[PDB]
Amino acid sequence: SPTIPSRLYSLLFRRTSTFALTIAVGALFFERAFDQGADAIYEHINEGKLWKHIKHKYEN
Amino acid sequence: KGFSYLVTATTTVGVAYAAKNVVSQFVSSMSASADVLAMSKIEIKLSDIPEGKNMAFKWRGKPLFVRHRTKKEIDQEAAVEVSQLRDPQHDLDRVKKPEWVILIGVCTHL
Amino acid sequence: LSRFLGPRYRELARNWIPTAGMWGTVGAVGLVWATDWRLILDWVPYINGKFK
Amino acid sequence: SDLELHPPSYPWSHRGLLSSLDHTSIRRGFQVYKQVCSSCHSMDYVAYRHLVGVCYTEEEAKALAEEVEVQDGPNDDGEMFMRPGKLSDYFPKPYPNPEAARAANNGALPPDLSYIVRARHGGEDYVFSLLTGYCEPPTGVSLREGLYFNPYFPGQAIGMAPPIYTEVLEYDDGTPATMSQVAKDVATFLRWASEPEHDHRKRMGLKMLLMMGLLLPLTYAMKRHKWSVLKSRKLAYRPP
Amino acid sequence: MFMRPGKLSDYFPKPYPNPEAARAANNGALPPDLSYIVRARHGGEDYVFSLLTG
Amino acid sequence: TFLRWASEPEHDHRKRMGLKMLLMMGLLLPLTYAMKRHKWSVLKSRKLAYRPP
Amino acid sequence: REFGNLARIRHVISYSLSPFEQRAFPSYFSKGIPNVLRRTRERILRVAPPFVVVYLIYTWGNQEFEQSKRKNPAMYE
Amino acid sequence: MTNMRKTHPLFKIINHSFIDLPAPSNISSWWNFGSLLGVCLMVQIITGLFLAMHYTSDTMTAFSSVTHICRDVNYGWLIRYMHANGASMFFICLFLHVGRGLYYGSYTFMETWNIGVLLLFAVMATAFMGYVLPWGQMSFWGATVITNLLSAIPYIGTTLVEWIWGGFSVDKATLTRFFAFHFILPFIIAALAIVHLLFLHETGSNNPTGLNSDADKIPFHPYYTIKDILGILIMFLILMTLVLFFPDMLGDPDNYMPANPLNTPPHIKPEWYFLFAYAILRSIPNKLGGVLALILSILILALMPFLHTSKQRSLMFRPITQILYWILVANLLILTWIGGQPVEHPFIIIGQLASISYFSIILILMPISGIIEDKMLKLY
Amino acid sequence: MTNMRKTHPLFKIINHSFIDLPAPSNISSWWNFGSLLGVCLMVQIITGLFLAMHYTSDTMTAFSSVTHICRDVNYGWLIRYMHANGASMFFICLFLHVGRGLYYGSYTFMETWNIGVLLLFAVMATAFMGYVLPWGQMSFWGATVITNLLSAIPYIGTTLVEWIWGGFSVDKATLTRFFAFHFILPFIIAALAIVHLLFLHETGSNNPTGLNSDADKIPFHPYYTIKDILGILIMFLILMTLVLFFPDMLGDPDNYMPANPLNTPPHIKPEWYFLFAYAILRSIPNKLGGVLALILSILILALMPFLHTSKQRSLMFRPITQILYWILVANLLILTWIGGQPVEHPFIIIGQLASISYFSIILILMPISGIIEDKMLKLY
Ligand SMILES: CCCCCCCCCCCCCCCCCC(=O)OC[C@H](COP(=O)(O)OCCN)OC(=O)CCCCCCCCCCCCCCCCC
Ligand code: HEC
Ligand code: HEM
Ligand code: HEM
Ligand code: HEM
Ligand code: HEM
Ligand code: FES
């Protein structure tokens, strides 16, 4: 009967200091994850048009 | 309270990510630019200068000293000991080539 | 300041050092996240992937 | 006459809100500019250092920068000498001053093509329509020599000879160098030269839309949560 | 470029086009521009008089 | 002298404005000091008495 | 904060005249000179010895700098 | 133990102004635009500070410096287009601010309204000189147009245009002094905004119903704190999509050419937020008449509080004056459009009738509508 | 009828701050230096606005623009030398302001003192980039020296220097960003001075006797209005005598050659306040220690309120600590002279003794003297 928001509140969302720690760690991991996902979405939209897609023809 | 604070924490994470990005872009904007990055590394050089002379150029914003040395100076600076200096380092470790010496003009005092 | 000696302020400090350590921890984590400090960020599991 | 012919909306590969440029097309357009357009036009705000990273390898950019000779100096005795170009050097002027360009181009001044797409109505559509829109003048339009009829040029009497045609250059990719292919490639290159931040800006915009589609419902939820105290508040009046 | 007689708007004529020509014509010494030499040297006009008469 | 002029072309005008400033400020400083002493004369000649019961 | 409730003053009588009825410079020299001399005598022994030792240090430093720039006659050979 | 928030002097000023401020509980999203204007001013200050960090106010090097910002400086294109589209957003927020003030009867705060009118003049001058700053073709030619329009004044105009020009035309001195003025004048705007907020806090804030809101007031924090944060986020959404997707539709392509005194542009127009004043000045066929029409059409906002002839403050319960106000907004749109296309047929008569109808509505028709509205509600 | 001076809100603020402000009746001419600093800040703002109206921040044309100001602009020489000698007079009045506070114990207003210290750093930074703005030989080399001092910081200092240089040396980007910073920081100085005045008005002003001067309070007008007017006129007399008779006795002659990055001056002499800080720098013979010595030599002003160990606020009745205070002022004079002098014997040992004495008599001897005096008056 303890749910996931209940555990999140009882562990991380209760105190302001550990709340801010959760915010900072989530900011780091979400920055990496969002950058990776948005970059991959951009590559899939623009397949075969970018320099990172066409450099292998002209290198080595 | 966990649901409401999860919403609040996700908003704060988003604002923190956007704020870090925009502050990083501003800081990198007032950092070095493409022109000063291009004009720093590449250096055109000639060999129309005799031995025992000095040439002053611009390399990485600094006065670049290209000195053509004489054999007497090379022999003296190879024969001088490093135990009496403030930092033990001889000419064969300071420079790769005896004829040409490449240095900076930025003095280590002011 | 000799007024801040004595057992009451000592146990107040004992109560407030976990919160002070937590605030220092989030300060350090925010500092390395904002500055992209490689010296610390190369020892994580995941954030190695962006090479920064 | 006083009329203007609006260029039509061509379906470029970068016309979408999240679509980038075709970098092979920018390469072919740069080759078109170097072998054809560089004899008259100038590109003084674009350099080989700008070219490297989006179209060419560093070695290839260095090679095509050193294949042209540039004027530099002064030397020790104070004389203007000539040296092979480097990456930091910009594209060379075909004329030292605009008056020399007017003298060598029958009075007309060829504009700098570093902002021509951002500085003309239509942009790359206008460039494509101007390059592929050369036609014989209609009846009653007497044009003196040195001027060519072009419906897309304002004033209809351009001072430009038709610069491109079939097999006007050779591509290194084996692409057929037809008129339309050359015009599309050089229009893509001119769009890149006008906006070098194109694909980067599009990536910023994609990240911004994903981020703001995350933030706006959540920030709106926070606003409704704080304002839920007032929006469900009940008022009662009990006079005695 | 061409040549024309000067007028009141023109400044004083250049002896050398670049300082390297000054180095070539003065065996490595650069003759400084004498528009602020009094405000630039200690003593000023006293320094100029003493330099020329010393 | 010519180099002094070329270094400071504003020399004669600066000296003339300095002479005007010297005469003018030698006129205002006694007058402004007199105005200050006039407005401040109330306090300078103020007399204080303490009369406790 | 403002006038009216600043301090608590009792049994104090203040006397003042018009600026247009009293002189702006009442005995400006015959009383100004002894007052300035008295103030100088009161606060002359706190400033003058530091300023004089500044003068002495300045002259000593300039003199011995000139003597250090002087040539030592020990190097005849 | 003391309450530091309302005890510390700077903290208690901040608390009494922004934290514990009794605000009307029912002000709609139209009340977010003052804070949007303040945030836009801060964004402009920062972005223009970086642009001036990388900008040289020399006639030979202005355009090349702008290109250097766009291409060589890291995200300098982002900074410059943030600056330009933030000017567009600044004028959008200004126009919606003024529209809120006219519709909801906020001009009865007479001194606050007058300080706002002075702010509007200062922002218009700032944006005009900033548009002159990149030294494009349209920038130089619009500068010449506006300065000659000022020179239309008899016996004063020629000396004033030679004084402002620093010479005989728009040149080195004009560009450099325009850079200095464009740098300094937003700080005067900020100080006048402190004066604006001071007068407003003296008078209190106005609700959309126009009634006495003291019966139901709420603290500014956290309600209007989070509401203004949401408004800031939406304004940033519109500003950033304008920067990153449509950066040139509110700009002008002719500004991307170097300023040529010898070559004129095909059709000279100012920026889109000067277009209604440009259209009315084209509509009146006299130079002195045109410049006086422009000046009076902006001063008529300061003249507005003496035109209130109704016993109701806001237009919430005034349908005839609502219709007249929306016709006024429509006529402002017509004036912006007519400033768009050049002065030809039928734009002559369209612009003339638009200007005459605009002045007639804002001077004669609205008080008459208020009078007959009071008569219809049986007030006298 | 209503008192508009006490009723109108801007007029109410001006009345409560400048008109009916209860001021002590016995403050000396040392209390006019705050108003002198404000007026001189306004003079610097106006004169610099004119110089930036006629100034271009490009390394090819900075010196040429300065010569154009001095030669071709009407009274541009007057504006430029007014700006330079007014910066010198600003530092004179600032040092006398700090000396008044130190002597009369005004540092017990801790918030006002700390805001003043922040203002002091802002003024030194602003004057530093103003000095590098004409792009002279000493200007460029002083910028190089101070930024290498910034490079003395471990592990981040090199990156901070490549960040603030806009490259790898003092160059175009450095000059342009220093122009922007030198323009914008005096307005932050004005805002900080408003906060300074607010913190002062929170607790009232101080008097030379150091006692509670509420027993004898006089309004600021007309007494201190005409007193500050006389002080302004005297300051203008000194500044204009400097400008029109000795426009170069406080400046540097070597600043009148164009900045050559190859050649260097034999003597690197910044302005005299920087010579004071410079002597404190070169007294300690390492980079990192010298940098913390400079920042600590400025920050012990902020550390001063915690070193006050006497039961009497002012030095008016404290004769031993008066002697130490005048020894300290004498020591700052000696330190300025050493900063002027080159690094040759005996200036190293004299400056080292001066810096050791300065830090010792601020940190150690003055509180010890206060303890001796309170024991001597039978209070310890
Ligand atoms: C003991 C003296 C007795 C004098 C008696 C005079 C007659 C008194 C009866 C008649 C009245 C005459 C007027 C009286 C005015 C007020 C009284 C007075 O002047 O007292 C003497 C005065 C204050 O006495 P006091 O504070 O006790 O001095 C102890 C010093 N620590 O003290 C002084 O004036 C002495 C000041 C000496 C200062 C010497 C400083 C030497 C070091 C300076 C270094 C500066 C920095 C240099 C650089 C260092 C690094 C290289
Ligand atoms: C020398 C024969 C040229 C060649 C090769 C190219 N251009 Fe040109 N161009 C030239 C002149 C003399 C002019 C001025 C004509 C006039 O009437 O102004 C131009 C002009 C242009 C323009 C501007 C058109 C406008 O309306 O402003 C464009 C966009 C243009 N030219 C494009 C262009 C391209 C893409 C070229 C490479 C294929 C090219 N030109 C080559 C002279 C010459
Ligand atoms: C840089 C320019 C301006 C700034 C920073 C500014 C700031 C503000 C702020 C923060 C508010 C409170 C929030 C709100 O009610 O929206 C406000 C309200 C107001 N503004 Fe402005 N404003 C500016 C320009 C103007 C203009 C151009 C006008 C009118 C012509 C004006 C007149 C008013 C009025 C009357 C109010 C009161 C509205 C009410 O009480 O409901 N201001 N302003
Ligand atoms: C302290 C505040 C400001 C500073 C330092 C500043 C500085 C600058 C600079 C250096 C430029 C040249 C860059 C360019 O031409 O793109 C510029 C341009 C411009 N400025 Fe500002 N500015 C400030 C505030 C404002 C404000 C408040 C507005 C309008 C309300 C404004 C409107 C503009 C516009 C429209 C341009 C033209 C941009 C373009 O044409 O691309 N600026 N400004
Ligand atoms: C741009 C710089 C400054 C400005 C505009 C300024 C302004 C003022 C003004 C107008 C006064 C009132 C006049 C007076 O009380 O004598 C004052 C007093 C004061 N200032 Fe400053 N000041 C500045 C710098 C400083 C500095 C550098 C310090 C200290 C390190 C400082 C500390 C004080 C203190 C403690 C007072 C109170 C003096 C008293 O109560 O008698 N200020 N300031
Ligand atoms: C809004 C305020 C200010 C502006 C716009 C401004 C602008 C300028 C400009 C453009 C210059 C270079 C012109 C030249 O030197 O020929 C300059 C120089 C200078 N500025 Fe300012 N300034 C301001 C305030 C200040 C302040 C408050 C100080 C010092 C406390 C200061 C100190 C200096 C100094 C020392 C110079 C060097 C003068 C010279 O070497 O000839 N400035 N300023
Ligand atoms: S900078 Fe070379 S010894 Fe000082």
# chains A, B, ... in the order shown; residues from 1 in each chain; ligands from 1
$ residues_near_ligand --ligand "ligand 4" --cutoff "7 Å" --atoms "only C-alpha atoms and all ligand atoms" --output "mmCIF file with N, CA and C atoms, in the first residue's frame"
data_model
loop_
_atom_site.group_PDB
_atom_site.id
_atom_site.type_symbol
_atom_site.label_atom_id
_atom_site.label_comp_id
_atom_site.auth_asym_id
_atom_site.auth_seq_id
_atom_site.Cartn_x
_atom_site.Cartn_y
_atom_site.Cartn_z
ATOM 1 N N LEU H 41 13.058 43.953 -19.890
ATOM 2 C CA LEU H 41 14.084 44.972 -19.687
ATOM 3 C C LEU H 41 15.377 44.364 -19.156
ATOM 4 N N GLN H 44 16.984 42.411 -21.995
ATOM 5 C CA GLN H 44 17.596 43.354 -22.921
ATOM 6 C C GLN H 44 18.894 43.914 -22.374
ATOM 7 N N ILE H 45 18.926 44.225 -21.078
ATOM 8 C CA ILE H 45 20.133 44.769 -20.465
ATOM 9 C C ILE H 45 21.274 43.765 -20.564
ATOM 10 N N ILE H 46 20.993 42.497 -20.249
ATOM 11 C CA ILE H 46 22.039 41.474 -20.281
ATOM 12 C C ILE H 46 22.509 41.214 -21.712
ATOM 13 N N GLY H 48 22.175 43.065 -24.480
ATOM 14 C CA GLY H 48 22.863 44.205 -25.046
ATOM 15 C C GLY H 48 24.197 44.475 -24.389
ATOM 16 N N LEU H 49 24.347 44.100 -23.115
ATOM 17 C CA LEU H 49 25.647 44.212 -22.468
ATOM 18 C C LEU H 49 26.659 43.293 -23.134
ATOM 19 N N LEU H 51 26.348 42.175 -26.272
ATOM 20 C CA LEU H 51 26.512 42.693 -27.627
ATOM 21 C C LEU H 51 27.478 43.872 -27.659
ATOM 22 N N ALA H 52 27.432 44.733 -26.645
ATOM 23 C CA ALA H 52 28.388 45.826 -26.554
ATOM 24 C C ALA H 52 29.751 45.350 -26.078
ATOM 25 N N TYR H 55 30.899 44.547 -29.543
ATOM 26 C CA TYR H 55 30.461 45.477 -30.578
ATOM 27 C C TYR H 55 31.302 46.746 -30.578
ATOM 28 N N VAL H 66 29.051 43.248 -36.220
ATOM 29 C CA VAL H 66 27.808 42.493 -36.067
ATOM 30 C C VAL H 66 27.942 41.101 -36.680
ATOM 31 N N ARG H 80 22.277 38.093 -30.271
ATOM 32 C CA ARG H 80 21.778 39.176 -31.115
ATOM 33 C C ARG H 80 20.309 38.980 -31.473
ATOM 34 N N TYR H 81 19.924 37.757 -31.836
ATOM 35 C CA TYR H 81 18.528 37.550 -32.191
ATOM 36 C C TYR H 81 17.634 37.508 -30.963
ATOM 37 N N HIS H 83 18.197 39.655 -28.564
ATOM 38 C CA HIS H 83 18.034 41.100 -28.412
ATOM 39 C C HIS H 83 16.946 41.647 -29.333
ATOM 40 N N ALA H 84 16.984 41.271 -30.614
ATOM 41 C CA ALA H 84 16.028 41.819 -31.578
ATOM 42 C C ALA H 84 14.608 41.316 -31.320
ATOM 43 N N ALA H 87 13.200 42.901 -28.408
ATOM 44 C CA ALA H 87 12.647 44.226 -28.680
ATOM 45 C C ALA H 87 11.235 44.118 -29.225
ATOM 46 N N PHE H 90 9.183 43.196 -26.293
ATOM 47 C CA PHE H 90 9.051 44.370 -25.441
ATOM 48 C C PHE H 90 7.947 45.279 -25.944
ATOM 49 N N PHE H 91 7.893 45.504 -27.255
ATOM 50 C CA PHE H 91 6.847 46.373 -27.773
ATOM 51 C C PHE H 91 5.488 45.687 -27.773
ATOM 52 N N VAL H 123 11.418 54.150 -24.266
ATOM 53 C CA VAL H 123 11.608 52.856 -24.914
ATOM 54 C C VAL H 123 11.584 53.005 -26.432
ATOM 55 N N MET H 124 10.706 53.866 -26.961
ATOM 56 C CA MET H 124 10.675 54.080 -28.407
ATOM 57 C C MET H 124 11.977 54.694 -28.909
ATOM 58 N N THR H 126 14.918 54.439 -27.411
ATOM 59 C CA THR H 126 15.935 53.409 -27.229
ATOM 60 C C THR H 126 15.915 52.407 -28.374
ATOM 61 N N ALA H 127 14.724 51.934 -28.739
ATOM 62 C CA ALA H 127 14.606 50.957 -29.812
ATOM 63 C C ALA H 127 14.944 51.560 -31.166
ATOM 64 N N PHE H 128 14.614 52.837 -31.384
ATOM 65 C CA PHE H 128 14.976 53.489 -32.637
ATOM 66 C C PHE H 128 16.490 53.580 -32.790
ATOM 67 N N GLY H 130 18.746 51.789 -31.208
ATOM 68 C CA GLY H 130 19.271 50.440 -31.321
ATOM 69 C C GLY H 130 19.092 49.853 -32.706
ATOM 70 N N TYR H 131 17.964 50.150 -33.356
ATOM 71 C CA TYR H 131 17.787 49.722 -34.737
ATOM 72 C C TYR H 131 18.750 50.441 -35.669
ATOM 73 N N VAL H 132 19.105 51.688 -35.350
ATOM 74 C CA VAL H 132 20.133 52.384 -36.122
ATOM 75 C C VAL H 132 21.497 51.718 -35.937
ATOM 76 N N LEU H 133 21.751 51.160 -34.751
ATOM 77 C CA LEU H 133 23.084 50.675 -34.377
ATOM 78 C C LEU H 133 23.781 49.682 -35.314
ATOM 79 N N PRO H 134 23.141 48.650 -35.891
ATOM 80 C CA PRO H 134 23.912 47.711 -36.730
ATOM 81 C C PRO H 134 24.421 48.296 -38.038
ATOM 82 N N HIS H 182 21.926 54.711 -26.694
ATOM 83 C CA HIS H 182 21.259 53.419 -26.609
ATOM 84 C C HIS H 182 21.801 52.581 -25.464
ATOM 85 N N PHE H 183 23.061 52.785 -25.081
ATOM 86 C CA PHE H 183 23.560 52.079 -23.913
ATOM 87 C C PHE H 183 22.959 52.676 -22.645
ATOM 88 N N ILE H 184 22.934 54.011 -22.545
ATOM 89 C CA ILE H 184 22.623 54.643 -21.263
ATOM 90 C C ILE H 184 21.120 54.681 -20.994
ATOM 91 N N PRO H 186 18.304 52.745 -21.410
ATOM 92 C CA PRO H 186 17.585 51.730 -20.620
ATOM 93 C C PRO H 186 17.785 51.824 -19.117
ATOM 94 N N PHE H 187 18.890 52.389 -18.637
ATOM 95 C CA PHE H 187 19.022 52.567 -17.195
ATOM 96 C C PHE H 187 18.139 53.705 -16.695
#
$ residues_around --residues "range 366-373 of chain H" --least-positions-apart "4" --cutoff "8 Å" --atoms "only C-alpha atoms" --output "compact mmCIF listing (two decimals) with C-alpha atoms, in the first residue's frame"
# COMPACT_ATOMS: atom_id res chain seq x y z
CA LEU H 307 -11.44 62.31 -21.25
CA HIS H 308 -13.13 60.01 -18.71
CA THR H 309 -16.78 61.09 -18.76
CA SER H 310 -18.34 57.90 -17.36
CA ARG H 318 -19.71 49.29 -21.00
CA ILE H 320 -20.80 50.50 -26.56
CA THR H 321 -17.41 51.75 -25.40
CA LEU H 324 -15.54 51.55 -29.86
CA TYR H 325 -12.35 50.32 -28.18
CA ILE H 361 -12.69 57.61 -31.82
CA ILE H 362 -10.10 58.36 -29.17
CA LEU H 377 -28.19 53.31 -17.23
$ residues_near_ligand --ligand "ligand 2" --cutoff "8 Å" --atoms "only C-alpha atoms and all ligand atoms" --output "PDB file with C-alpha atoms, in the first residue's frame"
ATOM      1  CA  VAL D  32      30.143  25.887 -57.640  1.00  0.00           C
ATOM      2  CA  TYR D  33      30.966  29.182 -55.903  1.00  0.00           C
ATOM      3  CA  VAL D  36      32.212  29.900 -61.069  1.00  0.00           C
ATOM      4  CA  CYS D  37      30.918  32.574 -58.704  1.00  0.00           C
ATOM      5  CA  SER D  38      34.206  33.586 -57.048  1.00  0.00           C
ATOM      6  CA  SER D  39      35.474  35.415 -60.145  1.00  0.00           C
ATOM      7  CA  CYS D  40      32.960  38.241 -59.634  1.00  0.00           C
ATOM      8  CA  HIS D  41      31.337  37.936 -56.200  1.00  0.00           C
ATOM      9  CA  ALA D 101      34.347  45.744 -59.651  1.00  0.00           C
ATOM     10  CA  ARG D 102      32.103  48.316 -61.345  1.00  0.00           C
ATOM     11  CA  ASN D 105      31.571  44.484 -64.614  1.00  0.00           C
ATOM     12  CA  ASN D 106      30.101  47.161 -66.941  1.00  0.00           C
ATOM     13  CA  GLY D 107      29.044  49.455 -64.089  1.00  0.00           C
ATOM     14  CA  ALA D 108      27.096  46.871 -62.106  1.00  0.00           C
ATOM     15  CA  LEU D 109      28.490  46.003 -58.682  1.00  0.00           C
ATOM     16  CA  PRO D 110      28.284  42.296 -57.768  1.00  0.00           C
ATOM     17  CA  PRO D 111      27.132  42.207 -54.137  1.00  0.00           C
ATOM     18  CA  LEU D 113      27.157  36.803 -51.134  1.00  0.00           C
ATOM     19  CA  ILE D 116      22.395  37.613 -49.911  1.00  0.00           C
ATOM     20  CA  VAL D 117      19.855  34.960 -48.844  1.00  0.00           C
ATOM     21  CA  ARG D 120      16.872  39.282 -50.556  1.00  0.00           C
ATOM     22  CA  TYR D 126      14.949  34.001 -55.002  1.00  0.00           C
ATOM     23  CA  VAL D 127      18.478  32.776 -55.767  1.00  0.00           C
ATOM     24  CA  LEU D 130      17.135  34.198 -60.518  1.00  0.00           C
ATOM     25  CA  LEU D 131      19.668  31.591 -61.627  1.00  0.00           C
ATOM     26  CA  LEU D 147      22.077  43.823 -69.612  1.00  0.00           C
ATOM     27  CA  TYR D 152      12.844  37.700 -61.048  1.00  0.00           C
ATOM     28  CA  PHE D 153      15.310  40.588 -60.902  1.00  0.00           C
ATOM     29  CA  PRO D 154      13.684  43.850 -59.712  1.00  0.00           C
ATOM     30  CA  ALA D 157      17.265  44.101 -66.563  1.00  0.00           C
ATOM     31  CA  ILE D 158      20.036  42.398 -64.605  1.00  0.00           C
ATOM     32  CA  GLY D 159      23.711  43.134 -65.148  1.00  0.00           C
ATOM     33  CA  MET D 160      24.547  39.464 -64.667  1.00  0.00           C
ATOM     34  CA  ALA D 161      25.367  37.153 -67.531  1.00  0.00           C
ATOM     35  CA  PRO D 162      23.843  33.670 -67.064  1.00  0.00           C
ATOM     36  CA  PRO D 163      26.545  32.161 -64.868  1.00  0.00           C
ATOM     37  CA  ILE D 164      25.591  28.478 -64.845  1.00  0.00           C
ATOM     38  CA  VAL D 182      23.992  23.410 -59.702  1.00  0.00           C
ATOM     39  CA  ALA D 183      21.471  26.117 -58.773  1.00  0.00           C
ATOM     40  CA  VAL D 186      24.725  26.878 -54.727  1.00  0.00           C
ATOM     41  CA  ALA D 187      21.472  28.085 -53.134  1.00  0.00           C
ATOM     42  CA  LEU D 190      24.444  30.565 -49.925  1.00  0.00           C
TER      43      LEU D 190
END
$ select_by_dssp --residues "chain F" --states "strand (DSSP E or B)" --output "VMD selection string"
chain F and resid 47 to 50
$ write_last_selection --atoms "N, CA and C atoms" --output "PDB file, in the first residue's frame"
ATOM      1  N   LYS F  47      22.730  80.656  22.177  1.00  0.00           N
ATOM      2  CA  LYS F  47      23.085  80.582  23.586  1.00  0.00           C
ATOM      3  C   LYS F  47      22.219  79.538  24.275  1.00  0.00           C
ATOM      4  N   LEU F  48      22.843  78.712  25.106  1.00  0.00           N
ATOM      5  CA  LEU F  48      22.163  77.618  25.780  1.00  0.00           C
ATOM      6  C   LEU F  48      22.154  77.855  27.281  1.00  0.00           C
ATOM      7  N   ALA F  49      21.001  77.630  27.899  1.00  0.00           N
ATOM      8  CA  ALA F  49      20.851  77.725  29.340  1.00  0.00           C
ATOM      9  C   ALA F  49      20.145  76.481  29.847  1.00  0.00           C
ATOM     10  N   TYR F  50      20.575  75.995  31.003  1.00  0.00           N
ATOM     11  CA  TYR F  50      19.973  74.842  31.655  1.00  0.00           C
ATOM     12  C   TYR F  50      19.380  75.308  32.974  1.00  0.00           C
TER      13      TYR F  50
END
$ interface_residues --of "chain D" --to "chain E" --cutoff "7 Å" --atoms "only C-alpha atoms" --output "PyMOL selection string"
chain D and resi 76-78
$ write_last_selection --atoms "N, CA, C and O atoms" --output "mmCIF file, in the first residue's frame"
data_model
loop_
_atom_site.group_PDB
_atom_site.id
_atom_site.type_symbol
_atom_site.label_atom_id
_atom_site.label_comp_id
_atom_site.auth_asym_id
_atom_site.auth_seq_id
_atom_site.Cartn_x
_atom_site.Cartn_y
_atom_site.Cartn_z
ATOM 1 N N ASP D 76 60.358 42.343 -42.995
ATOM 2 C CA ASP D 76 61.329 43.126 -42.234
ATOM 3 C C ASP D 76 61.665 44.454 -42.908
ATOM 4 O O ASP D 76 61.815 45.478 -42.232
ATOM 5 N N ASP D 77 61.786 44.463 -44.234
ATOM 6 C CA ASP D 77 62.080 45.694 -44.955
ATOM 7 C C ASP D 77 60.829 46.452 -45.383
ATOM 8 O O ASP D 77 60.949 47.494 -46.034
ATOM 9 N N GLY D 78 59.641 45.960 -45.039
ATOM 10 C CA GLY D 78 58.418 46.681 -45.333
ATOM 11 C C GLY D 78 57.967 46.579 -46.775
ATOM 12 O O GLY D 78 57.948 47.580 -47.497
#
$ interface_residues --of "chain B" --to "chain D" --cutoff "8 Å" --atoms "only C-alpha atoms" --output "mmCIF file with C-alpha atoms, in the first residue's frame"
data_model
loop_
_atom_site.group_PDB
_atom_site.id
_atom_site.type_symbol
_atom_site.label_atom_id
_atom_site.label_comp_id
_atom_site.auth_asym_id
_atom_site.auth_seq_id
_atom_site.Cartn_x
_atom_site.Cartn_y
_atom_site.Cartn_z
ATOM 1 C CA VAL B 7 5.722 18.000 -9.714
ATOM 2 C CA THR B 8 7.588 20.803 -7.916
ATOM 3 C CA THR B 10 10.531 18.205 -11.778
ATOM 4 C CA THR B 11 9.811 21.889 -12.460
ATOM 5 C CA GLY B 14 13.837 21.783 -15.548
ATOM 6 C CA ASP B 35 39.131 34.302 -34.609
ATOM 7 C CA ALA B 38 42.347 30.344 -35.229
ATOM 8 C CA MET B 39 45.070 33.008 -34.991
#
$ residues_near_ligand --ligand "ligand 3" --cutoff "8 Å" --atoms "only C-alpha atoms and all ligand atoms" --output "PyMOL selection string"
chain H and resi 27+30-38+41+94-95+97-98+100-101+104+106-110+112-120+123+189-190+192-194+196-197+200+204-208+301-302
$ residues_around --residues "residue 229 in chain D" --least-positions-apart "3" --cutoff "12 Å" --atoms "only C-alpha atoms" --output "ChimeraX atom specification"
/D:223-226,232-234 /H:25,218,222-223
$ atom_distance --atom1 "atom 43 (C, counted along the ligand's line) of ligand 1" --atom2 "CA of residue 53 in chain G"
6.1 Å
$ residues_around --residues "range 22-31 of chain F" --least-positions-apart "5" --cutoff "9 Å" --atoms "only C-alpha atoms" --output "number ranges by chain"
F: 17, 36; I: 230, 233-234, 237, 241
$ residues_near_ligand --ligand "ligand 7" --cutoff "6 Å" --atoms "only C-alpha atoms and all ligand atoms" --output "list in words"
residues 107, 109 and 110 of chain B
$ closest_atom_pairs --of "chain G" --to "chain I" --cutoff "6 Å" --atoms "only C-alpha atoms" --output "Markdown table"
| residue | atom | partner | partner_atom | distance |
| --- | --- | --- | --- | --- |
| G:7 | CA | I:214 | CA | 5.6 |
| G:46 | CA | I:323 | CA | 5.2 |
| G:47 | CA | I:326 | CA | 5.8 |
| G:50 | CA | I:327 | CA | 5.4 |
